[PDB]
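Those sequence lines, one after another, are chains 4, 2, 3, 6, 7 and 5.
Using the deposited numbering, the letters of the first sequence map in sequence onto residues 500 to 607, 614 to 733, 740 to 780, 792 to 852.
Using the deposited numbering, the letters of the second sequence map in sequence onto residues 474 to 527, 532 to 583, 588 to 609, 614 to 710, 745 to 800, 804 to 868.
Using the deposited numbering, the letters of the third sequence map in sequence onto residues 338 to 449, 454 to 583, 648 to 741.
Using the deposited numbering, the letters of the fourth sequence map in sequence onto residues 500 to 616, 620 to 785, 792 to 836.
Using the deposited numbering, the letters of the fifth sequence map in sequence onto residues 394 to 627, 630 to 730.
Using the deposited numbering, the letters of the sixth sequence map in sequence onto residues 348 to 415, 421 to 443, 446 to 455, 462 to 524, 544 to 556, 561 to 577, 592 to 636, 647 to 687.
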Amino acid sequence: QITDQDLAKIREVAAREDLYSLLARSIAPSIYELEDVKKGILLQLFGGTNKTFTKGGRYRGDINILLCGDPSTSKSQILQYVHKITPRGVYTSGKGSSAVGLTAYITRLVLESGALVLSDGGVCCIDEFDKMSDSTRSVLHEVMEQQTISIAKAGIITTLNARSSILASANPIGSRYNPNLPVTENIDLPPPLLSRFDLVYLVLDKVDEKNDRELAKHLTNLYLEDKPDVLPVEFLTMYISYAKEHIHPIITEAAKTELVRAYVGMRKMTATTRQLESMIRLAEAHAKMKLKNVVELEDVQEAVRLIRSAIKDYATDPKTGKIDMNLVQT
Amino acid sequence: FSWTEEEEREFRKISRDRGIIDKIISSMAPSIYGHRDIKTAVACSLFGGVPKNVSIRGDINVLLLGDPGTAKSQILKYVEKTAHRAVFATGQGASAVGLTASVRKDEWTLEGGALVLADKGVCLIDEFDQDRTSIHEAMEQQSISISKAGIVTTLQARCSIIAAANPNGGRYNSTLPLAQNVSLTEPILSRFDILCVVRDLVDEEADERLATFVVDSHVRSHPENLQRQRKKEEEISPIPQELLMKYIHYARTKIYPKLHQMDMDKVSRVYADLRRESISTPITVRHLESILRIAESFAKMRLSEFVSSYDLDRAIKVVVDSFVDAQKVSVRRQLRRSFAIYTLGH
Amino acid sequence: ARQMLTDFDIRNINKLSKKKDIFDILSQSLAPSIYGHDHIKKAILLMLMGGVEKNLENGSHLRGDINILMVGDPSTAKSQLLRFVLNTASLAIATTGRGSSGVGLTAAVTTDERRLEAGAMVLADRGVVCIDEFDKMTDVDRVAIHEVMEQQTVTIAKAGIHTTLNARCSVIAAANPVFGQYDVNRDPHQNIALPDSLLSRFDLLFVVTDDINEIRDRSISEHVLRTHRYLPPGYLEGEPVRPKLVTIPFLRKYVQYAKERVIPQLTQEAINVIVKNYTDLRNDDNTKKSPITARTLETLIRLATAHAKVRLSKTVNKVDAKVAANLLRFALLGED
Amino acid sequence: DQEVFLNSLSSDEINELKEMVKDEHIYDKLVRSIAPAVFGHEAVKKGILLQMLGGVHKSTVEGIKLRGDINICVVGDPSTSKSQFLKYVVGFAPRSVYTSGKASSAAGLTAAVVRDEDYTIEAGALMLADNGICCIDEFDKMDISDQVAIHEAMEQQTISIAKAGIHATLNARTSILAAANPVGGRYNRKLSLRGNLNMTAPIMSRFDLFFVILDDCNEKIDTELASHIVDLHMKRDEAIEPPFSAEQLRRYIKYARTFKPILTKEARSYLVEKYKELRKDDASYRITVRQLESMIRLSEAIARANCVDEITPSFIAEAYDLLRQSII
Amino acid sequence: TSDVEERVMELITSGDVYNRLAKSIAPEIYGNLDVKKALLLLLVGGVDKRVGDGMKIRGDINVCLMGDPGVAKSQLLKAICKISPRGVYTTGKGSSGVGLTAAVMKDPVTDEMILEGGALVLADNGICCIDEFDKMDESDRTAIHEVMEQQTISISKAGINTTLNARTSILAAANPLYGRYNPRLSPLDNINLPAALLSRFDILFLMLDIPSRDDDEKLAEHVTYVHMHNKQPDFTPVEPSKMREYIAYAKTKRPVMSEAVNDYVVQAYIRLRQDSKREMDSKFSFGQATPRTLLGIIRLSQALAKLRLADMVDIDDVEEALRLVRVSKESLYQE
Amino acid sequence: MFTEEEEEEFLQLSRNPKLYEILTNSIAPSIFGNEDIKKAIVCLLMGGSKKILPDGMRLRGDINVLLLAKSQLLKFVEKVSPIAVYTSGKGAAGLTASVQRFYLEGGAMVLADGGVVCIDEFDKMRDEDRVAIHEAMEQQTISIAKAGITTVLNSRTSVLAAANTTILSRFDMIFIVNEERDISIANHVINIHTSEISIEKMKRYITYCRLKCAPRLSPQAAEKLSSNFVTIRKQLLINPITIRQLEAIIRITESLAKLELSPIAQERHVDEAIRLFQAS
DNA sequence: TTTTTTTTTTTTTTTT
Ligand SMILES: Nc1ncnc2c1ncn2[C@@H]1O[C@H](COP(=O)(O)OP(=O)(O)NP(=O)(O)O)[C@@H](O)[C@H]1O
Ligand SMILES: Nc1ncnc2c1ncn2[C@@H]1O[C@H](COP(=O)(O)OP(=O)(O)NP(=O)(O)O)[C@@H](O)[C@H]1O
Ligand SMILES: [Mg+2]
Ligand SMILES: [Mg+2]
Ligand SMILES: [Mg+2]
Ligand SMILES: [Mg+2]
Ligand SMILES: [Mg+2]
């Protein structure tokens with residue numbers, strides 16, 4: 500529980516100008532660069548706001564993320580960091596799982618929770634998602650969209666509460682990313698599921714000797730001692752857990768003009795209706811992280827920018843859906 | 474259900490060469506338009522042939542294919558209400574155990594399934614694999630066998646079967662032979678005493694004539710509407760539906776018709792003629811016994827123990843055209859050009 | 338079945354083993370009803386003697402057992418000659434390629454808490470397995486055979502069961518080429534669908550063929566027609582039943662005595678002939694029926710050890726190595 | 500029956516209903532009032548309403564039953580609120596039940612054989631909801647062994663148990679509201695509805711209404727739609743503004759279910775012609797005789813929506829129109 | 394213990410222990426010294442490394458032998474299985490990815506399911522020999538990516554939701570596509586492993602069976618001796636129980652890096668990725684080099700620093716670790 | 348089971364010099380023509396002779412035949433044989451042997473024993489497909505190594521086939556192919576509804606031969622057959648027939664002698680054997 | 001001393 504001295508530290512930190520980079524570099528200290536990947540997985544921990552309409556449905560801050568990319572790029576290791584940091588959760592793989600064991604099991614007649622139901626109110630980490638069977642992927646559609654599961658089997662016919670943000674790690678159809686194929690044909694998830702995620706990343710192992718001079722000079726640097740600025744994790748998890756319950760950002764009218772204008776500017780070019799619903803939930807998470815009770819233009823700009831950067835949309839050609847490898851990090 | 478002392482006299486009275494058969498064929502599922510050909514068959518399958526012993534079946538089995546929304550599904554549901562005993566087994570809704578027989582404690590025992598609750602009357606079934618293979622055994626002589634709980638035994642069926650099919654996982658099709666529209670082995674199709682196929686031929690002035698009939702039945706069936748029921752039978756059958764559950768039964772169960780051998784030479788002359796042009800681009807003793815069963819059936823239909831030549835003409839009509847559908851797109855015109863003096867050249 | 342030997346039979350085996358061409362006496366006495374495939378029947382005799390299995394003190398195994406594949410035209414006694422080996426080995430398990438799935442061929446897990458069930462290759466654990474129509478196996482089945490033929494243990498890792506089982510059998514197998522008939526105007530790797538990793542496991546690969554030739558076809562036809570005139574000794578004309650050659654129960658006793666009571670050691674005099682053959686067989690450029698791997702050196706060492714067993718010899722000599730080299734060059738290159 | 504309901508209401512409950520029965524625009528207000536969170540798709544909304552009002556389920560002098568239920572399938576490209584309808588309807592209708600087409604079984608959807616102190623029959627979704635709405639989400643992902651469990655029991659009604667020795671049968675008078683994606687995950691405008699959706703054609707033939715949805719690209723729509731979605735998140739249930747509240751609306755629906763509408767001879771004379779037009783316009793695959801009976805059903809439901817005892821050719825024009833639109 | 398030290402001190406002071414140990418792996422098999430010199434590193438392993446920042450990196454080394462048939466791939470896997478203190482054997486066709494990893498057993502009693510460790514669980518702090526890795530189904534082969542890099546296993550089936558600690562080393566063996574290596578195709582078309590799987594191997598020895606009038610005489614002169622006697626032909632090895640007594644000592648030494656060595660292995664990784672950028676020309680391509688391969692040089696160099704019983708890695712151990720990665724590929728290029 | 352009051356009639360059949368044709372005339376007698384077809388059914392009812400050689404080799408005594421309303425012959429065969437089985441592969447049990455849940465099933469080949477199995481579109485039969493018939497029909501044997509099942513299944517039986544490539548290897552001989564018939568046949572059906594030997598004699602005669610006689614080729618029949626088989630191969634060479652066919656000829660030649668109850672076969676039998684074979 | 005679905009994961013053979 501937060502004391503008056505702990506709240507004073509939290510309020511000191513939130514006044515810093517480096518804050519969004521400070522938190523991002525502090526959720527996973529030993530990972531090099533990947534700044535836009537950390538900057539979005541930070542927002543998944545806070546999540547959006549959560550809202551009940553007396554009639555007209557229920558809506559929620561559970562941001563879903565897909566780390567898609569070529570091997571040896573720390574997809575699985577960022578997934579280890581998040582699973583340690585999340586106040587509750589699961590880590591699993593796309594081969595280790597079954598549809599039943601991912602959701603719920605008819606036992607004895615009684616129901617037992619599978620992985621997602623064991624993991625509401627925190628991140629569910631799925632690794633190797635590309636190696637998962639289409640039958641197991643076909644169970645995720647409602648539980649990502651409606652935060653719930655419905656069962657109709659022997660005896661048991663029921664729903665379950667299942668409020669889980671998924672973090673998924675995947676690898677493209679040809680096991681290293683293929684620049685001759687378009688981006689949608691690399692990822693190769695069915696569009697009704699690909700459209701379900703809020704952020705989609707390409708991580709790419711682009712060779713660049715002026716970068717790899719730093720990565721190897723970082724990575725081998727761990728081995729200079731046997732047991733070898741950032742926040743202490745003890746305090747970071749506390750700042751996140753304060754902001755998850757003592758802050759609830761509402762949309763300002765000045766933010767609506769931008770949220771609509773941006774959606775129209777994207778949908779002209792596909793940017794289906796879920797892009798707007800994800801921009802809302804990210805723009806809430808950014809204000810929430812910064813301890814504001816109001817969402818503003820400065821937040822909606824980052825919720826847009828981060829979506830454009832994650833898919834390397836600035837490097838994707840405006841037609842064909844292929845990518846120019848020269849433009850990626852310049 | 475069954476008829477009585479007044480109705481006995483009434484039956485041989487209403488029995489008339491003024492179309493008592495016809496008023497019956499007209500009366501199968503009166504609230505389905507057109508498709509008299511299917512009505513012709515369902516009448517025969519209700520009335521049945523007569524079984525003869527040493532191995533000859535009396536039962537008249539039928540299969541209804543078609544291009545959907547065509548009231549093949551609902552004409553079966555009419556028979557459950559019209560046959561004396563008859564059992565309706567939704568083709569997906571059954572275990573093969575549920576068609577066959579099952580075992581339970583009382588001490589230990591067995592009890593029967595859908596093909597055992599069938600006995601001279603009609604089994605009603607749909608939706609054409615070990616389930617399916619049970620019909621492949623039941624077709625030959627109308628008896629199951631089992632070896633469950635060490636009880637090596639037969640069980641009798643001796644029943645007709647009415648069967649409905651959606652072909653192809655889709656539409657029926659004129660291209661390819663009938664044999665190919667359904668996942669059915671030819672022995673099945675030989676032992677069915679008739680196969681019928683129905684198409685959506687989209688003639689505008691046929692469609693007009695459905696709709697007049699259909700909506701009127703919606704009026705006639707409205708709860709807004745005992746004695747006005749008597750006007751609301753509305754002559755949609757010429758024979759009160761009330762009587763057919765008696766007429767059928769009284770044919771079946773007073774008449775066991777028999778064949779006037781003097782004229783049966785024409786049946787043989789015809790059977791050779793039919794085999795000759797079937798072979799000119804395949805027809806069998808199972809297609810001859812069908813003529814013989816159905817002809818006994820129609821004498822049942824005009825309440826007569828002694829089969830008469832017009833039954834054979836009606837029977838020949840029913841069996842001949844059913845062959846015309848195999849191969850149809852290539853063959854049919856060739857067949858018609860020969861066949862026309864037989865089927866309806868009266 | 339098991340024979341019991343006696344002090345009379347053991348005299349006759351020892352005095353017979355002295356004979357100048359004993360390998361030709363015995364190889365003619367296998368399946369004499371089958372004509373003229375003399376070089377195939379010679380290799381079968383060596384397959385029944387096996388070789389010598391060595392296990393080093395560090396646990397390292399060296400295989401001791403001949404494997405034969407014969408591939409050919411239809412109607413060639415290629416099948417019929419397996420159906421004979423099956424009735425003259427001490428322990429033999431019959432099978433066919435389509436009659437097989439790779440699990441039923443090797444080992445299969447069963448729900449009983455779960456067990457492992459012994460398949461056809463785990464049976465015959467010191468005997469022979471006969472495979473007919475070997476080519477009609479799927480490659481998904483033929484991968485099961487790859488484990489056994491060199492390592493001689495099946496191993497499983499399915500449903501929480503993990504184990505090795507011994508599987509020290511010889512395989513004799515028969516096949517058609519891809520084109521039904523053998524296309525002698527085309528390369529062997531195009532007539533034979535099997536991968537080099539499997540053809541490297543068979544010690545001897547006998548391409549056998551029908552070829553139309555008046556004296557050949559006559560002599561064969563006369564052979565079979567003589568055969569179809571046989572009489573069981575107590576029977577009579579038209580009554581239904583119910648240069649030396651040994652009688653086959655004696656042959657089986659000979660195989661059992663040799664397989665029990667001699668374990669030949671290589672002389673260096675034999676090693677020089679084994680080495681001279683392996684190096685020139687592998688380095689000369691003439692097209693082979695399959696590629697010459699370092700498994701082929703072991704084939705020579707085993708065939709010479711198996712012939713020394715036929716000869717009841719405590720040492721493998723130049724004579725055994727010379728018969729092994731001539732038999733191997735007949736199989737891998739072509740007739741001499 | 501209407502008398503039992505009108506005895507059940509109080510005078511002050513009736514005095515609210517009295518005015519919305521009096522109003523002229525009422526049918527266009529009812530359609531505007533369904534699922535208020537969903538924008539556009541008035542045709543869909545209108546569909547759902549006519550489902551809740553049902554038809555005159557009736558049987559002929561011939562004992563055959565002619566179905567009164569209405570089966571709606573909503574097919575669509577993703578992110579178009581096809582699910583929002585199902586979740587609205589389960590959260591509204593009497594005897595509703597929701598069900599995913601993937602996480603469900605041939606037992607759990609219909610009749611289940613189970614056991615307790620010997621075998622016994624337990625209810626699946628089509629039993630826990632006769633005289634109500636059985637949603638089916640994700641119906642394209644349903645097992646092909648189990649899509650046929652529904653085919654059994656919509657044209658022929660009548661769940662038919664022939665298994666586990668308990669030979670038994672159940673009425674199950676019920677109305678299906680089934681969402682699906684087209685195969686491959688977006689609508690292939692160039693294909694037939696068959697093969698846009700992989701289903702069994704007989705199962706497809708006996709649905710009344712297929713609303714195919716397309717994500718219409720029109721900028722004047724998406725500038726409005728986006729503003730509508732942001733308003734829901736900005737000011738929640740103050741942003742939704744229906745003509746009637748749900749508890750006011752259910753009293754109207756429950757009242758309207760108590761009329762049993764009747765055909766005028768004009769209405770007959772009109773219906774035969776609207777069948778001719780439909781059939782001529784397929785010169792087969794989606795205009796069988798079933799589409800006639802559906803058109804009757806729908807016209808009865810519209811007449812119920814209007815609280816009229818008789819079918820006016822106006823309503824048949826209105827019903828026929830929904831069938832035309834379904835073609836896209 | 395000091396009596397163990399009174400034995401291994403005789404070996405250490407006799408000297409040249411790295412070459413003696415490598416030659417002592419399977420003295421039954423002729424040549425392949427470069428490959429024995431790698432499988433020995435797979436016994437000592439690199440160093441497993443937890444970071445105070447909460448990350449952990451692998452200390453197990455993975456090695457692939459890819460080659461022509463009849464070259465003692467399998468005869469050599471079965472040797473490391475006997476030499477290591479905890480190794481297990483398994484094959485491609487005889488193995489499910491399930492029973493290889495771990496499995497959910499349905500009805501042992503009472504119809505309630507339970508979790509049983511597969512071969513990779515038995516190989517806890519030990520070795521799994523995956524023989525004929527080529528003939529494994531891709532759905533089964535893709536089950537090991539999870540264990541070759543990140544150490545752990547995870548299962549979520551039928552009410553069981555579990556991790557298994559499952560720390561282990563992989564020694565795979567395989568034949569190229571089409572049964573033997575084909576020079577007409579690329580190294581990758583021959584190898585026929587997907588790139589994320591290829592990434593998990595700290596070395597891929599491409600060993601080949603090229604004929605030679607001299608080299609096949611030298612082989613047969615060895616192999617015929619090992620049939621004429623159980624002895625190796627001609630040097631004296633160390634017996635397995637004395638080898639284990641050395642390796643289990645060496646495994647305790649955790650050799651740290653040093654800065655002038657870090658600065659050198661960095662330059663070697665740039666040169667390898669620059670080569671990967673330019674040499675995508677199919678006849679020469681081994682795929683792209685990656686951070687898992689930088690850690691490959693670190694692990695292979697730490698393994699050499701254990702075998703010499705060092706306090707820290709030195710540059711003499713990096714120029715040797717880079718050699719094994721090189722010679723593996725050069726076994727093709729030398730033809 | 349036979350005794351002195353019965354078998355002397357079988358000695359009288361055995362004496363008559365037109366015996367073979369008396370059998371053709373009494374096989375599916377309703378079916379006109381088809382002479383070499385009915386002749387093949389006879390030879391399949393008679394068989395050659397089983398032999399076990401001193402080197403343990405076994406020689407197959409059973410004939411097999413391929414045919415191309422003739423369904424009545426195969427139906428008639430499941431009447432006349434001492435033992436017989438009729439099926440196309442309608443089964446849906448497999449024809450050969452097939453695996454189920462694991463456990464086995466014996467197919468029609470396994471179920472027939474001595475005697476006969478007969479099969480009508482052997483073409484369209486693919487119910488445990490052609491690969492399983494190569495073992496079953498050639499070897500008298502079906503073999504299985506599937507799902508931990510190991511067994512040999514005997515299959516010591518004749519096969520008659522009809523049809524319409545590979546299985547022309549396994550079939551020993553090959554054959555192919561009015562309206563007044565149909566009028567008589569229909570009149571038989573109507574009359575249910577409203592030389593001259595027969596099954597009663599002929600089945601009992603066939604089993605008596607089968608038990609009491611198993612011929613050998615005279616040396617002069619071997620001279621004829623060997624010289625013929627190479628004369629065939631010399632023409633085949635200059636323009647395949649192989650030992651697989653030569654053995655079939657021999658089996659035929661035995662069954663043709665077996666009809667007489669003769670202890671030995673002669674040129675008399677060889678000449679109708681090689682003549683029937685030339686009707687390939 | 002004898003069986004029926006329906007839910008589940010892992011194995012094995014059978015069919016497009
Ligand atoms: N000729 C007709 N006269 C009257 N109603 C008809 C006619 N043809 C079809 N129908 C109607 O269309 C539907 C036929 O349904 P049904 O009998 O179930 O069609 P079906 O094609 O046989 N169905 P199914 O076997 O399941 O594919 C019913 O609603 C009938 O009332
Ligand atoms: N000495 C022989 N030489 C050649 N063929 C023989 C000999 N003795 C018997 N045969 C006959 O020819 C066949 C021998 O070939 P066999 O081994 O049975 O067939 P196969 O060659 O495997 N042909 P196939 O099974 O069709 O691929 C037997 O069926 C016998 O009829
Ligand atoms: Mg990873
Ligand atoms: Mg129907
Ligand atoms: Mg053969
Ligand atoms: Mg949805
Ligand atoms: Mg190997």
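For every residue, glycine included, the Cβ atom is placed at its ideal position computed from N, Cα and C.
When only Cα atoms are considered, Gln531 (chain 3) and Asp524 (chain 3) end up about 9 angstroms apart. Under the Cβ distance rule, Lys442 (chain 5) counts among the residues neighbouring chain 2, one pair being separated by less than 8 angstroms. Pairing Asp725 (chain 3) with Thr710 (chain 3), the inter-Cα distance amounts to about 7 angstroms. The DSSP assignment places complete beta strand (DSSP E) segments of no fewer than 3 residues inside the region 409 to 488 of chain 7 at 456 to 460, 481 to 484, in order along the chain.
For the 8 angstroms CB-CB criterion, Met497 (chain 5) and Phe684 (chain 5) do not form a contact. The C-alpha of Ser525 (chain 4) is placed about 34 angstroms away from the C-alpha of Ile596 (chain 7). Note that the region 691 to 701 of chain 3 touches the region 727 to 738 of chain 3; at least 3 beta-carbon pairs, one per stretch, sit closer than 8 angstroms. Chain order gives the chain 5 residues near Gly441 (chain 3) as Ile504, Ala505, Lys506, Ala507, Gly508, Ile509, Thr510, where near means a beta carbon separation below 8 angstroms.
From the beta-carbon of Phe552 (chain 4), the residues of chain 6 found nearer than 8 angstroms are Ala536, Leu734, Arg738, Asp739, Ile742.
The region 631 to 644 of chain 7 and the region 476 to 491 of chain 7 touch, with no fewer than 3 CB-CB distances between them shorter than 8 angstroms.
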